[PDB]
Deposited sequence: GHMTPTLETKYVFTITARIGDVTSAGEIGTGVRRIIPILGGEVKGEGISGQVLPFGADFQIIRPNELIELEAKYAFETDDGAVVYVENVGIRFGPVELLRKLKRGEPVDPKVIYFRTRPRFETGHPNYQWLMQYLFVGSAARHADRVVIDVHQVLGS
């Protein structure tokens, strides 16, 4: 019997982004300006600070390393650390890097968000591992967060 893994979609972080700044493989920084969080029991707004600090590998692959927060309706403040990778066929990666729209289903964009809260309700966010499956647009990054069971 081959080993099995079960996961569960729980919620979606949409993060609004701004212009990129590049250091020169290549280090670049993309500011997080806002956004929202939506799922069963989760409703909150991404806070207007933080950035994704990225490395572009020589093969056009993107190491993502974002640190931000969100605040739920409850008053729970949740620190987000979202680490991962975006890859796929090279010509499609050059389109995104331009701002030109690409179908997210054709791209590989997977992350591991970690969460930190002291809020008693959202302690579960620290007791499980999560995998994100994301989508890149010019103005936003849509992350579908799945709970590893």
Deposited positions lacking CA coordinates: 1 to 2, 27 to 30, 156 to 157
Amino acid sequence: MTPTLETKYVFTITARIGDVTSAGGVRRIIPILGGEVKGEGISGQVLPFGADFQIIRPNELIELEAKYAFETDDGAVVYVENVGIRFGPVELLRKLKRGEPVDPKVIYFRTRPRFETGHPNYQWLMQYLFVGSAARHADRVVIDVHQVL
From here on, numbers count along this sequence of modelled residues.
Of 54 to 62 and 108 to 116, the one with larger mean CA B-factor: 54 to 62
Which of 131 to 139 and 14 to 22 has higher mean CA B factor, as the PDB entry lists it: 14 to 22
Chain-wide C-alpha B factor ranking for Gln123, given as lowest, middle or highest third: middle
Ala69, C-alpha B-factor rank within chain (lowest, middle or highest third): middle
Ranked against its chain, the third holding the CA B-factor of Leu96: highest
Chain-wide C-alpha B factor ranking for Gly88, given as lowest, middle or highest third: middle
Third of the chain's Cα B-factor distribution that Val37 belongs to, per the entry: middle
